[PDB]
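Engineer: Handing you this structure, nothing more for now.
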Amino acid sequence: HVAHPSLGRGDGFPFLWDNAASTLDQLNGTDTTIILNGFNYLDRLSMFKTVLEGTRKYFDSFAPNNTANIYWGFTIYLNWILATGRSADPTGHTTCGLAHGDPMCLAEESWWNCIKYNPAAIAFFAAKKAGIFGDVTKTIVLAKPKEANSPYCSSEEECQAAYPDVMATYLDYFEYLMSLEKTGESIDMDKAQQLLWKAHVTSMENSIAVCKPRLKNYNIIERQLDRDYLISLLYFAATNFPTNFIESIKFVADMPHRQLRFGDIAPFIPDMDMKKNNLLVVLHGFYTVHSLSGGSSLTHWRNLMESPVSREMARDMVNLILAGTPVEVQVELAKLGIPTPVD
Ligand SMILES: *[C@@H]1O[C@H](CO)[C@@H](O)[C@H](O)[C@H]1NC(C)=O
């Protein structure tokens, strides 16, 4: 049994989905503690699954099996980083995440692990604080990293102190959900999605500098994919594109199913379909507009995306992209009136 990059266990749900905890009471611990290893795939999956379960009631009517829940995004991406080897140690110094080592271990040295840790762990703490899990008197005890002055926080208090804006933005999301029963209002899906994206973006922006050195652990082609993806995510987030089950699977199905290497040039990678080859070009297209504009294009894009009509039009573009339609990022952005750069 191994994780499939886009199908997870087989039907889109993550590898080992059934094995992960639905509630805090199913986790290991003591009378006064709950134990979680943030460097273990199953415990990270439990950080997502417990929040999915605890927020199911807000999304239940919209679709079966909690599939309308917008928390699926980073849950599905956890499966993908495992399945494609991107959570393993890339340095060769340890066997963490390798088949001949502990395949569930998530390496400190992994760039993907580095950027994705907080959207699991800090978000989990924020959900706890907001009351998503009910009243919890037990202390969360996280496994500590080995590296001194690590980018990985290992307690509720340390995470708050090191990444205050990330804690605050995820808290805003969960507090909004918690407010709905007092009012008796049904969820405003566009608002909920905006709040969650704001937290994800804040996390990415708070991690980019501290995770940057890990990019040097990968060859230049894989390294550039990593950069391309993080910048592109900032543009996608501003469109308010949905992060529910079906849309998340649609995205990961277009991502490369293996690490890239020297020799790979999109859109001519012969062991990948046209949709994967096309998304690789598009991600680099966003990187290029961003780099050549000194980052100014993102500021203009965000201003434009203050309009709900603009956001809907931009989501239409994203859907074309996900279907494998070969659109030129630079050309499409200009159409939307973004001042675009020359070299
Ligand atoms: C939920 O998903 C499971 C697994 O894919 C499926 O067998 C089942 O039909 C779905 N449940 C409902 C109520 O639609």
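Naming scheme: A, B, ... for chains in displayed order of the structure tokens; residues 1 onward per chain; ligands 1 onward as shown.
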Please check which protein, DNA or RNA residues sit within 9 Å of ligand 1, counting only C-alpha atoms and all ligand atoms, and write them as a list in words.
Structural biologist: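 Residues satisfying the distance criterion: residues 10, 11, 12, 13, 63, 64, 65, 66 and 67 of chain A.
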Engineer: Please produce a file of the residues just selected, as an mmCIF file, in the first residue's frame, where the atoms kept are C-alpha atoms.
Structural biologist:
```
data_model
loop_
_atom_site.group_PDB
_atom_site.id
_atom_site.type_symbol
_atom_site.label_atom_id
_atom_site.label_comp_id
_atom_site.auth_asym_id
_atom_site.auth_seq_id
_atom_site.Cartn_x
_atom_site.Cartn_y
_atom_site.Cartn_z
ATOM 1 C CA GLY A 10 -7.904 5.307 -4.111
ATOM 2 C CA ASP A 11 -11.075 7.416 -4.115
ATOM 3 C CA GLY A 12 -9.523 10.834 -3.460
ATOM 4 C CA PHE A 13 -9.502 10.653 0.337
ATOM 5 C CA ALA A 63 -22.864 18.037 -0.363
ATOM 6 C CA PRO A 64 -22.435 14.527 1.024
ATOM 7 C CA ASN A 65 -19.469 13.266 3.065
ATOM 8 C CA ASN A 66 -18.318 16.777 4.181
ATOM 9 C CA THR A 67 -17.023 17.354 0.595
#
```
Engineer: For range 282-291 of chain A, find every residue with an atom within 12 Å (counting only C-alpha atoms), except residues of its own chain fewer than 6 positions away, and show them as number ranges by chain.
Structural biologist: A: 221-236, 254-256, 265-267, 275-276, 297-301, 317-318, 320-322, 324-334, 338-343
Engineer: So that I can check the secondary structure, give me every residue of range 8-195 of chain A assigned alpha helix (DSSP H) by backbone DSSP, as a PyMOL selection string.
Structural biologist: chain A and resi 41-59+72-83+111-130+156-162+164-183+189-195
Engineer: Go through A:29, A:119, A:85, A:294 one by one, measure the shortest atom-to-atom distance of each to residue 106 in chain A using only C-alpha atoms, and give the residue with the smallest value.
Structural biologist: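 Looking at the shortest contact to residue 106 in chain A, the residue is A:85.
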Engineer: Extract the full set of strand (DSSP E) residues from range 72-159 of chain A according to DSSP on the backbone, and format it as a ChimeraX atom specification.
Structural biologist: /A:139-142
Engineer: I'd like the interatomic distance between CA of residue 132 in chain A and CA of residue 168 in chain A, to a tenth of an Å.
Structural biologist: 15.2 Å
Engineer: So the first atom is CA of residue 103 in chain A and the second is CA of residue 39 in chain A; what is the distance between them in Å, to one decimal place?
Structural biologist: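 Pair CA of residue 103 in chain A / CA of residue 39 in chain A returns 11.1 Å.
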Engineer: Calculated over only C-alpha atoms, which of the candidates A:173, A:125, A:111, A:74 has the smallest distance to residue 210 in chain A?
Structural biologist: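 Comparing A:173, A:125, A:111, A:74 against residue 210 in chain A, the winner is A:111.
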